[PDB]
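Everything below belongs to coords-v3.pdb, which stores PDB, C-alpha atoms.
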MODEL        1
ATOM      1  CA  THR Q   1      70.929 127.492 120.312
ATOM      2  CA  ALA Q   2      71.447 126.070 116.811
ATOM      3  CA  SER Q   3      70.727 122.359 117.117
ATOM      4  CA  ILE Q   4      70.046 119.083 115.323
ATOM      5  CA  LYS Q   5      66.923 117.151 116.303
ATOM      6  CA  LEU Q   6      67.716 113.533 117.195
ATOM      7  CA  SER Q   7      65.269 110.747 116.245
ATOM      8  CA  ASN Q   8      63.823 110.718 119.777
ATOM      9  CA  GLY Q   9      63.194 114.467 119.810
ATOM     10  CA  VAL Q  10      66.266 115.478 121.799
ATOM     11  CA  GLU Q  11      67.901 118.671 120.497
ATOM     12  CA  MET Q  12      71.701 118.507 120.145
ATOM     13  CA  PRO Q  13      73.734 121.726 119.645
ATOM     14  CA  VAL Q  14      75.473 121.718 116.246
ATOM     15  CA  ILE Q  15      78.765 122.932 117.702
ATOM     16  CA  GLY Q  16      80.434 121.770 120.871
ATOM     17  CA  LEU Q  17      83.725 121.879 122.700
ATOM     18  CA  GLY Q  18      85.824 118.793 122.063
ATOM     19  CA  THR Q  19      87.918 118.047 125.150
ATOM     20  CA  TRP Q  20      90.076 115.115 123.986
ATOM     21  CA  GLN Q  21      93.096 117.461 123.902
ATOM     22  CA  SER Q  22      92.545 119.111 127.289
ATOM     23  CA  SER Q  23      94.083 118.310 130.667
ATOM     24  CA  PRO Q  24      91.995 118.738 133.856
ATOM     25  CA  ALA Q  25      93.487 122.197 134.456
ATOM     26  CA  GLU Q  26      93.168 123.402 130.854
ATOM     27  CA  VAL Q  27      89.643 122.040 130.437
ATOM     28  CA  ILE Q  28      88.141 124.096 133.250
ATOM     29  CA  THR Q  29      89.224 127.369 131.626
ATOM     30  CA  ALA Q  30      88.283 126.007 128.201
ATOM     31  CA  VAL Q  31      84.780 124.965 129.249
ATOM     32  CA  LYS Q  32      83.983 128.277 130.948
ATOM     33  CA  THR Q  33      85.345 130.264 128.008
ATOM     34  CA  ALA Q  34      83.322 128.202 125.539
ATOM     35  CA  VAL Q  35      80.061 128.453 127.465
ATOM     36  CA  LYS Q  36      80.455 132.198 127.980
ATOM     37  CA  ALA Q  37      81.122 132.474 124.233
ATOM     38  CA  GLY Q  38      77.929 130.641 123.306
ATOM     39  CA  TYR Q  39      78.867 126.952 123.181
ATOM     40  CA  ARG Q  40      76.139 124.766 124.649
ATOM     41  CA  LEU Q  41      77.625 121.301 124.143
ATOM     42  CA  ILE Q  42      80.627 119.774 125.919
ATOM     43  CA  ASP Q  43      82.059 116.487 124.631
ATOM     44  CA  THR Q  44      84.129 114.294 126.929
ATOM     45  CA  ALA Q  45      85.001 110.648 127.577
ATOM     46  CA  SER Q  46      85.863 108.517 130.582
ATOM     47  CA  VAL Q  47      89.255 107.760 129.018
ATOM     48  CA  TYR Q  48      90.257 111.451 128.874
ATOM     49  CA  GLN Q  49      90.376 111.500 132.679
ATOM     50  CA  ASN Q  50      88.976 115.044 132.635
ATOM     51  CA  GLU Q  51      85.337 114.422 133.594
ATOM     52  CA  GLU Q  52      85.946 115.468 137.204
ATOM     53  CA  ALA Q  53      87.390 118.803 136.059
ATOM     54  CA  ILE Q  54      84.485 119.335 133.663
ATOM     55  CA  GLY Q  55      82.099 118.650 136.530
ATOM     56  CA  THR Q  56      83.809 121.383 138.522
ATOM     57  CA  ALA Q  57      83.622 123.756 135.557
ATOM     58  CA  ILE Q  58      79.895 123.130 135.126
ATOM     59  CA  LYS Q  59      79.338 123.584 138.854
ATOM     60  CA  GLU Q  60      81.039 126.996 138.748
ATOM     61  CA  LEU Q  61      79.049 128.026 135.670
ATOM     62  CA  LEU Q  62      75.781 127.172 137.425
ATOM     63  CA  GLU Q  63      76.739 129.042 140.605
ATOM     64  CA  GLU Q  64      77.764 132.074 138.534
ATOM     65  CA  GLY Q  65      74.358 132.002 136.871
ATOM     66  CA  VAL Q  66      75.871 131.768 133.395
ATOM     67  CA  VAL Q  67      73.604 128.880 132.401
ATOM     68  CA  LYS Q  68      71.243 126.261 133.804
ATOM     69  CA  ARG Q  69      71.755 122.494 133.519
ATOM     70  CA  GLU Q  70      68.887 122.189 131.041
ATOM     71  CA  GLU Q  71      70.669 124.639 128.729
ATOM     72  CA  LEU Q  72      73.789 122.481 128.485
ATOM     73  CA  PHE Q  73      74.223 119.330 126.407
ATOM     74  CA  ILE Q  74      76.792 116.964 127.927
ATOM     75  CA  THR Q  75      78.191 114.022 125.944
ATOM     76  CA  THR Q  76      80.456 111.345 127.366
ATOM     77  CA  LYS Q  77      81.714 107.977 126.165
ATOM     78  CA  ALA Q  78      82.331 104.512 127.587
ATOM     79  CA  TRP Q  79      85.868 103.180 127.091
ATOM     80  CA  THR Q  80      86.782  99.656 125.907
ATOM     81  CA  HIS Q  81      86.719  97.973 129.329
ATOM     82  CA  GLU Q  82      83.315  99.488 130.099
ATOM     83  CA  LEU Q  83      81.837  97.909 126.949
ATOM     84  CA  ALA Q  84      82.289  94.412 128.392
ATOM     85  CA  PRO Q  85      79.219  92.403 129.492
ATOM     86  CA  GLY Q  86      77.538  93.982 132.512
ATOM     87  CA  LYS Q  87      80.122  96.758 132.822
ATOM     88  CA  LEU Q  88      78.380  99.676 131.085
ATOM     89  CA  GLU Q  89      76.005 100.843 133.814
ATOM     90  CA  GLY Q  90      78.805 100.913 136.369
ATOM     91  CA  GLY Q  91      80.953 102.941 134.004
ATOM     92  CA  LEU Q  92      78.201 105.452 133.298
ATOM     93  CA  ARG Q  93      77.369 105.900 136.977
ATOM     94  CA  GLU Q  94      81.040 106.568 137.660
ATOM     95  CA  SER Q  95      81.147 109.184 134.886
ATOM     96  CA  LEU Q  96      77.991 110.786 136.319
ATOM     97  CA  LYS Q  97      79.593 110.951 139.765
ATOM     98  CA  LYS Q  98      82.674 112.728 138.391
ATOM     99  CA  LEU Q  99      80.549 115.061 136.268
ATOM    100  CA  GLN Q 100      78.294 115.716 139.273
ATOM    101  CA  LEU Q 101      75.259 115.138 137.050
ATOM    102  CA  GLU Q 102      72.102 113.060 137.421
ATOM    103  CA  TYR Q 103      72.188 112.147 133.726
ATOM    104  CA  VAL Q 104      74.062 112.871 130.502
ATOM    105  CA  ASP Q 105      72.415 114.087 127.320
ATOM    106  CA  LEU Q 106      74.275 111.626 125.093
ATOM    107  CA  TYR Q 107      76.236 108.472 125.959
ATOM    108  CA  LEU Q 108      78.388 106.780 123.306
ATOM    109  CA  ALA Q 109      80.355 103.569 122.940
ATOM    110  CA  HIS Q 110      83.793 105.174 122.320
ATOM    111  CA  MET Q 111      84.750 102.169 120.186
ATOM    112  CA  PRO Q 112      83.054  98.957 119.000
ATOM    113  CA  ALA Q 113      85.814  96.727 120.432
ATOM    114  CA  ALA Q 114      85.826  95.556 124.063
ATOM    115  CA  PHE Q 115      89.048  94.986 126.040
ATOM    116  CA  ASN Q 116      89.989  94.044 129.599
ATOM    117  CA  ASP Q 117      91.306  96.618 132.135
ATOM    118  CA  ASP Q 118      94.836  97.162 130.803
ATOM    119  CA  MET Q 119      93.863  96.369 127.227
ATOM    120  CA  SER Q 120      96.165  93.355 127.266
ATOM    121  CA  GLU Q 121      93.362  91.075 126.084
ATOM    122  CA  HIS Q 122      90.547  91.302 123.554
ATOM    123  CA  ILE Q 123      87.000  90.606 124.705
ATOM    124  CA  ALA Q 124      85.015  89.250 121.769
ATOM    125  CA  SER Q 125      81.690  90.769 122.776
ATOM    126  CA  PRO Q 126      79.591  91.307 119.626
ATOM    127  CA  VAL Q 127      78.357  94.850 119.023
ATOM    128  CA  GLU Q 128      74.852  93.453 119.471
ATOM    129  CA  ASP Q 129      75.625  92.632 123.109
ATOM    130  CA  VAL Q 130      77.281  96.017 123.574
ATOM    131  CA  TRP Q 131      74.264  97.842 122.195
ATOM    132  CA  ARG Q 132      71.855  95.969 124.476
ATOM    133  CA  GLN Q 133      73.617  97.607 127.435
ATOM    134  CA  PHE Q 134      73.152 101.049 125.880
ATOM    135  CA  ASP Q 135      69.466 100.314 125.345
ATOM    136  CA  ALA Q 136      69.266  99.510 129.068
ATOM    137  CA  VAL Q 137      70.954 102.681 130.349
ATOM    138  CA  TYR Q 138      68.766 104.734 127.997
ATOM    139  CA  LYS Q 139      65.599 103.113 129.336
ATOM    140  CA  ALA Q 140      66.875 103.672 132.881
ATOM    141  CA  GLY Q 141      66.970 107.394 132.156
ATOM    142  CA  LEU Q 142      70.709 107.763 132.777
ATOM    143  CA  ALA Q 143      71.250 109.059 129.235
ATOM    144  CA  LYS Q 144      68.807 111.174 127.199
ATOM    145  CA  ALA Q 145      70.202 109.664 123.991
ATOM    146  CA  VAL Q 146      72.665 106.924 123.049
ATOM    147  CA  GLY Q 147      75.065 106.303 120.198
ATOM    148  CA  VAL Q 148      78.383 105.039 118.929
ATOM    149  CA  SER Q 149      81.814 106.261 117.856
ATOM    150  CA  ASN Q 150      84.284 104.717 115.412
ATOM    151  CA  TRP Q 151      81.799 102.012 114.372
ATOM    152  CA  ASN Q 152      81.409 101.051 110.710
ATOM    153  CA  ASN Q 153      78.110 100.851 108.797
ATOM    154  CA  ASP Q 154      77.772  97.079 109.194
ATOM    155  CA  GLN Q 155      78.209  97.279 112.967
ATOM    156  CA  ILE Q 156      75.603 100.025 113.236
ATOM    157  CA  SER Q 157      73.208  97.996 111.066
ATOM    158  CA  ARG Q 158      73.676  94.993 113.358
ATOM    159  CA  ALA Q 159      72.782  97.170 116.350
ATOM    160  CA  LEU Q 160      69.704  98.615 114.619
ATOM    161  CA  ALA Q 161      68.460  95.172 113.587
ATOM    162  CA  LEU Q 162      67.968  94.240 117.252
ATOM    163  CA  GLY Q 163      64.788  96.295 117.307
ATOM    164  CA  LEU Q 164      65.751  98.057 120.532
ATOM    165  CA  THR Q 165      66.454 101.757 121.098
ATOM    166  CA  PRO Q 166      67.706 103.217 117.791
ATOM    167  CA  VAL Q 167      71.254 104.545 117.490
ATOM    168  CA  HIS Q 168      70.732 108.318 117.891
ATOM    169  CA  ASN Q 169      74.223 109.517 116.958
ATOM    170  CA  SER Q 170      77.479 108.393 115.328
ATOM    171  CA  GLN Q 171      80.683 110.289 116.092
ATOM    172  CA  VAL Q 172      83.502 109.769 113.611
ATOM    173  CA  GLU Q 173      86.561 111.422 112.104
ATOM    174  CA  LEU Q 174      85.246 113.762 109.419
ATOM    175  CA  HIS Q 175      86.888 116.690 107.659
ATOM    176  CA  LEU Q 176      87.499 117.928 104.113
ATOM    177  CA  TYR Q 177      90.387 115.525 103.547
ATOM    178  CA  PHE Q 178      88.325 112.551 104.834
ATOM    179  CA  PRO Q 179      84.690 113.356 103.775
ATOM    180  CA  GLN Q 180      83.103 110.067 104.841
ATOM    181  CA  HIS Q 181      80.457 110.390 102.105
ATOM    182  CA  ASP Q 182      79.400 106.751 102.489
ATOM    183  CA  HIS Q 183      79.002 106.908 106.271
ATOM    184  CA  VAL Q 184      77.045 110.172 106.247
ATOM    185  CA  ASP Q 185      74.704 108.884 103.539
ATOM    186  CA  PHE Q 186      74.209 105.670 105.517
ATOM    187  CA  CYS Q 187      73.389 107.593 108.702
ATOM    188  CA  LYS Q 188      70.988 109.926 106.900
ATOM    189  CA  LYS Q 189      69.103 106.897 105.584
ATOM    190  CA  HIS Q 190      68.612 105.556 109.117
ATOM    191  CA  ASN Q 191      67.945 108.938 110.749
ATOM    192  CA  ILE Q 192      71.212 108.815 112.684
ATOM    193  CA  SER Q 193      72.807 112.172 113.481
ATOM    194  CA  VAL Q 194      76.502 112.493 112.636
ATOM    195  CA  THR Q 195      79.111 114.286 114.729
ATOM    196  CA  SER Q 196      82.488 115.084 113.224
ATOM    197  CA  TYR Q 197      85.650 115.088 115.307
ATOM    198  CA  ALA Q 198      89.033 116.331 114.021
ATOM    199  CA  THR Q 199      86.981 118.758 111.926
ATOM    200  CA  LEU Q 200      89.986 121.039 111.366
ATOM    201  CA  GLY Q 201      92.063 118.227 109.889
ATOM    202  CA  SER Q 202      95.820 117.795 110.185
ATOM    203  CA  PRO Q 203      98.341 120.423 111.412
ATOM    204  CA  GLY Q 204      98.247 123.335 108.987
ATOM    205  CA  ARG Q 205     101.388 125.130 110.165
ATOM    206  CA  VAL Q 206     104.997 124.549 111.183
ATOM    207  CA  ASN Q 207     106.327 127.126 113.639
ATOM    208  CA  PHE Q 208     109.951 128.175 114.059
ATOM    209  CA  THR Q 209     111.083 129.494 117.436
ATOM    210  CA  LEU Q 210     114.552 130.325 118.738
ATOM    211  CA  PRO Q 211     115.800 128.881 122.068
ATOM    212  CA  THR Q 212     115.312 132.344 123.564
ATOM    213  CA  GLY Q 213     111.625 132.007 122.773
ATOM    214  CA  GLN Q 214     111.669 134.488 119.896
ATOM    215  CA  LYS Q 215     109.001 133.474 117.394
ATOM    216  CA  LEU Q 216     109.980 133.479 113.724
ATOM    217  CA  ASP Q 217     107.810 133.150 110.607
ATOM    218  CA  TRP Q 218     105.722 129.989 110.253
ATOM    219  CA  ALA Q 219     105.427 127.834 107.125
ATOM    220  CA  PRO Q 220     102.349 126.093 105.665
ATOM    221  CA  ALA Q 221     102.074 122.305 105.932
ATOM    222  CA  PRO Q 222     100.116 119.902 103.656
ATOM    223  CA  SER Q 223      96.652 119.884 105.197
ATOM    224  CA  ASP Q 224      92.952 120.721 104.911
ATOM    225  CA  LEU Q 225      93.699 124.225 106.228
ATOM    226  CA  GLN Q 226      96.119 124.888 103.362
ATOM    227  CA  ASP Q 227      93.903 123.537 100.572
ATOM    228  CA  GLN Q 228      93.891 126.012  97.671
ATOM    229  CA  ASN Q 229      90.102 125.977  97.384
ATOM    230  CA  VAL Q 230      89.724 126.449 101.142
ATOM    231  CA  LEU Q 231      92.083 129.448 101.135
ATOM    232  CA  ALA Q 232      90.260 130.893  98.114
ATOM    233  CA  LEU Q 233      86.843 130.573  99.746
ATOM    234  CA  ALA Q 234      88.178 132.016 103.004
ATOM    235  CA  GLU Q 235      89.423 135.113 101.191
ATOM    236  CA  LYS Q 236      86.159 135.536  99.277
ATOM    237  CA  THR Q 237      83.983 135.236 102.393
ATOM    238  CA  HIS Q 238      86.381 137.184 104.608
ATOM    239  CA  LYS Q 239      86.384 134.197 106.980
ATOM    240  CA  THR Q 240      89.369 132.193 108.232
ATOM    241  CA  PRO Q 241      90.370 128.820 106.730
ATOM    242  CA  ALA Q 242      89.370 127.117 109.979
ATOM    243  CA  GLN Q 243      85.915 128.707 109.939
ATOM    244  CA  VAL Q 244      85.494 127.516 106.353
ATOM    245  CA  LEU Q 245      86.408 123.924 107.313
ATOM    246  CA  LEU Q 246      83.925 124.002 110.193
ATOM    247  CA  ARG Q 247      81.164 125.448 108.002
ATOM    248  CA  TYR Q 248      81.953 122.755 105.436
ATOM    249  CA  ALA Q 249      81.146 120.022 107.955
ATOM    250  CA  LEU Q 250      78.053 121.861 109.194
ATOM    251  CA  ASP Q 251      76.625 122.219 105.715
ATOM    252  CA  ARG Q 252      77.378 118.539 105.022
ATOM    253  CA  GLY Q 253      74.713 118.039 107.700
ATOM    254  CA  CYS Q 254      76.932 117.211 110.675
ATOM    255  CA  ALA Q 255      77.491 118.502 114.185
ATOM    256  CA  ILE Q 256      81.092 119.559 114.922
ATOM    257  CA  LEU Q 257      83.575 119.287 117.803
ATOM    258  CA  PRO Q 258      86.571 121.629 117.322
ATOM    259  CA  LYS Q 259      89.392 120.648 119.744
ATOM    260  CA  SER Q 260      90.928 124.112 120.185
ATOM    261  CA  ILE Q 261      91.731 124.893 123.833
ATOM    262  CA  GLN Q 262      93.164 128.390 123.402
ATOM    263  CA  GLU Q 263      90.761 131.209 124.313
ATOM    264  CA  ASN Q 264      91.123 133.009 120.980
ATOM    265  CA  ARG Q 265      90.685 129.839 118.948
ATOM    266  CA  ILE Q 266      87.650 128.743 120.963
ATOM    267  CA  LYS Q 267      86.078 132.110 120.167
ATOM    268  CA  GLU Q 268      87.186 131.962 116.528
ATOM    269  CA  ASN Q 269      85.690 128.513 115.931
ATOM    270  CA  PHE Q 270      82.276 129.706 117.158
ATOM    271  CA  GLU Q 271      82.054 132.471 114.539
ATOM    272  CA  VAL Q 272      80.656 130.282 111.781
ATOM    273  CA  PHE Q 273      76.995 131.302 111.797
ATOM    274  CA  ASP Q 274      77.204 134.466 109.694
ATOM    275  CA  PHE Q 275      77.494 132.608 106.377
ATOM    276  CA  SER Q 276      76.752 129.277 104.685
ATOM    277  CA  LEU Q 277      78.092 127.095 101.882
ATOM    278  CA  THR Q 278      76.084 126.118  98.801
ATOM    279  CA  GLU Q 279      76.277 122.740  97.056
ATOM    280  CA  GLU Q 280      78.546 124.380  94.476
ATOM    281  CA  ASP Q 281      80.874 125.668  97.204
ATOM    282  CA  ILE Q 282      81.012 122.220  98.805
ATOM    283  CA  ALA Q 283      81.771 120.545  95.468
ATOM    284  CA  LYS Q 284      84.559 123.035  94.785
ATOM    285  CA  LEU Q 285      86.175 122.345  98.153
ATOM    286  CA  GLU Q 286      86.063 118.602  97.474
ATOM    287  CA  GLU Q 287      87.720 118.849  94.046
ATOM    288  CA  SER Q 288      91.199 117.905  95.329
ATOM    289  CA  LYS Q 289      89.701 114.488  96.120
ATOM    290  CA  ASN Q 290      92.205 114.109  98.972
ATOM    291  CA  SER Q 291      91.019 111.428 101.386
ATOM    292  CA  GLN Q 292      92.998 109.725 104.132
ATOM    293  CA  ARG Q 293      92.057 108.540 107.609
ATOM    294  CA  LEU Q 294      94.209 110.308 110.229
ATOM    295  CA  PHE Q 295      92.998 108.382 113.269
ATOM    296  CA  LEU Q 296      93.591 104.701 112.592
ATOM    297  CA  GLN Q 297      92.727 103.569 116.142
ATOM    298  CA  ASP Q 298      95.141 100.701 115.361
ATOM    299  CA  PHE Q 299      95.007  99.247 118.867
ATOM    300  CA  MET Q 300      91.871  97.535 117.496
ATOM    301  CA  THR Q 301      93.981  95.564 115.001
ATOM    302  CA  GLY Q 302      93.174  91.858 115.307
ATOM    303  CA  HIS Q 303      90.036  92.379 117.364
ATOM    304  CA  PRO Q 304      86.964  90.624 115.912
ATOM    305  CA  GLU Q 305      85.067  93.925 116.038
ATOM    306  CA  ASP Q 306      87.821  96.088 114.527
ATOM    307  CA  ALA Q 307      85.722  98.639 112.615
ATOM    308  CA  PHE Q 308      88.537  99.344 110.137
ATOM    309  CA  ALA Q 309      89.710  95.731 109.722
ATOM    310  CA  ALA Q 310      89.602  96.050 105.923
ATOM    311  CA  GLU Q 311      92.170  98.872 105.998
ATOM    312  CA  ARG Q 312      94.793  97.048 108.077
TER     313      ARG Q 312
ENDMDL
END

Go through the file and emit its structure as structure tokens.
Amino acid sequence: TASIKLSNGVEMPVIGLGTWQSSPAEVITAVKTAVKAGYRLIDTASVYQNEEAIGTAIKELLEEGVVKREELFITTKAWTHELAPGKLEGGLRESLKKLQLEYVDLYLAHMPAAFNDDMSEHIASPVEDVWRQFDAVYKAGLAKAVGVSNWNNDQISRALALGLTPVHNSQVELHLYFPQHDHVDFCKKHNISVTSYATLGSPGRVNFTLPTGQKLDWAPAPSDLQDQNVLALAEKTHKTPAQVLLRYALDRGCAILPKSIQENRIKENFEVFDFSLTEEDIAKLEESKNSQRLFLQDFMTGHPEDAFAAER
């Protein structure tokens, strides 16, 4: 299994199944298809409300003898209300119950901003206090590694400065049209692994279908998948545009989480280990200089720990 070695020695598969776009019913089929295809990492979150289904999927995989627990890397994330003082452990234990696991391989703060139950009120808990809870669950053995998602460099630095368990991973939006050069360089400096979500960028096609259901010809849409350099490299390597975008992120030194839920796409996204991109190739793909954050997570607007406050 191709993996990245975390600062504490834990090996994390470089490619995993992102489940943020999967319902409980769709995720079961998606997880089993991915694992049978070769995927060894499953990424979920308490807020997706699909952990129970994933637990069932894993259970079936184990009974079928497809894989053993030790061969799978499971990542989950605490939502905003679970980040509040003294609420993390309870949240993690609940996720473990749904997943039917004794521990998770990686546990992340889904955001840096705490909220109450219905997110009607901000809870001004500094990221330092949030991280102390992660340090605790890590030491308790409930998570083999801990990290953050959607945090900015300053927030991560504040967590590191505490001198507790280091941040092992940072999961952020990262794709050709939002390179995150600064964040990746920052993480590399502090030995923090980086996981890219939304690796395939924005919608690359617009489909036309008649009421009868008859499918007509599609049209390209402005996106990473339609970038001229991407299309050119795909043709030259005999790979698909999507595979090129995934390889781009991998060779940038990141782990990836393609969201595809369709059987054929899940299989397609895994076929990215028969080639690699050189520094020249990477530079060529970045020539358009297009850069724009697609996931603004604007519900954080006004919160003292809004990671993107400067962009509001």

How big is the axis-aligned box, and where does its centre sit, when it encloses all atoms of region 264-278 of chain Q listed in the file and has 6 Å added on every side, reported in Å to one decimal as JSON?
{"center_x": 83.6, "center_y": 130.3, "center_z": 109.9, "size_x": 27.0, "size_y": 20.3, "size_z": 34.2}

Write out, as JSON lines, each residue of region 216-263 of chain Q that has an atom at most 10 Å from region 203-212 of chain Q, together with the closest pair of atoms and their distance in Å to one decimal, counting only C-alpha atoms, rows going by chain and rising number.
{"residue": "Q:216", "atom": "CA", "partner": "Q:208", "partner_atom": "CA", "distance": 5.3}
{"residue": "Q:217", "atom": "CA", "partner": "Q:208", "partner_atom": "CA", "distance": 6.4}
{"residue": "Q:218", "atom": "CA", "partner": "Q:207", "partner_atom": "CA", "distance": 4.5}
{"residue": "Q:219", "atom": "CA", "partner": "Q:206", "partner_atom": "CA", "distance": 5.2}
{"residue": "Q:220", "atom": "CA", "partner": "Q:205", "partner_atom": "CA", "distance": 4.7}
{"residue": "Q:221", "atom": "CA", "partner": "Q:204", "partner_atom": "CA", "distance": 5.0}
{"residue": "Q:222", "atom": "CA", "partner": "Q:204", "partner_atom": "CA", "distance": 6.6}
{"residue": "Q:223", "atom": "CA", "partner": "Q:204", "partner_atom": "CA", "distance": 5.4}
{"residue": "Q:224", "atom": "CA", "partner": "Q:204", "partner_atom": "CA", "distance": 7.2}
{"residue": "Q:225", "atom": "CA", "partner": "Q:204", "partner_atom": "CA", "distance": 5.4}
{"residue": "Q:226", "atom": "CA", "partner": "Q:204", "partner_atom": "CA", "distance": 6.2}
{"residue": "Q:227", "atom": "CA", "partner": "Q:204", "partner_atom": "CA", "distance": 9.5}
{"residue": "Q:241", "atom": "CA", "partner": "Q:204", "partner_atom": "CA", "distance": 9.9}
{"residue": "Q:242", "atom": "CA", "partner": "Q:204", "partner_atom": "CA", "distance": 9.7}

| query | Mind telling me what the PyMOL selection byres ((chain Q and resi 129) around 12) catches here, as a VMD selection string? | reply | chain Q and resid 83 to 88 109 112 to 114 123 to 128 130 to 136 155 158 to 160 162 164 305

| field | Nearest residue to residue 108 (chain Q) from the set Q:142, Q:309, Q:78, Q:300 (distances using only C-alpha atoms) | value |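 Result for the nearest residue to residue 108 (chain Q): Q:78.
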
| query | Can you tell me how far CA of residue 28 (chain Q) sits from CA of residue 264 (chain Q), in Å to one decimal? | reply | 15.5 Å

| field | Shell of 12 Å around residue 188 (chain Q), only C-alpha atoms, local chain residues under 4 positions omitted, as a PyMOL selection string | value | chain Q and resi 6-7+153+167-170+181-184+192-194+252-254

| Residues matched by the PyMOL selection byres ((chain Q and resi 54) around 8) as JSON, numbers by chain | {"Q": [24, 27, 28, 31, 50, 51, 52, 53, 55, 56, 57, 58, 99]}

| task | Run the PyMOL selection byres ((chain Q and resi 277) around 10) against the file shown and list the residues it catches, as a ChimeraX atom specification. | result | /Q:233,244,247-252,275-276,278-283
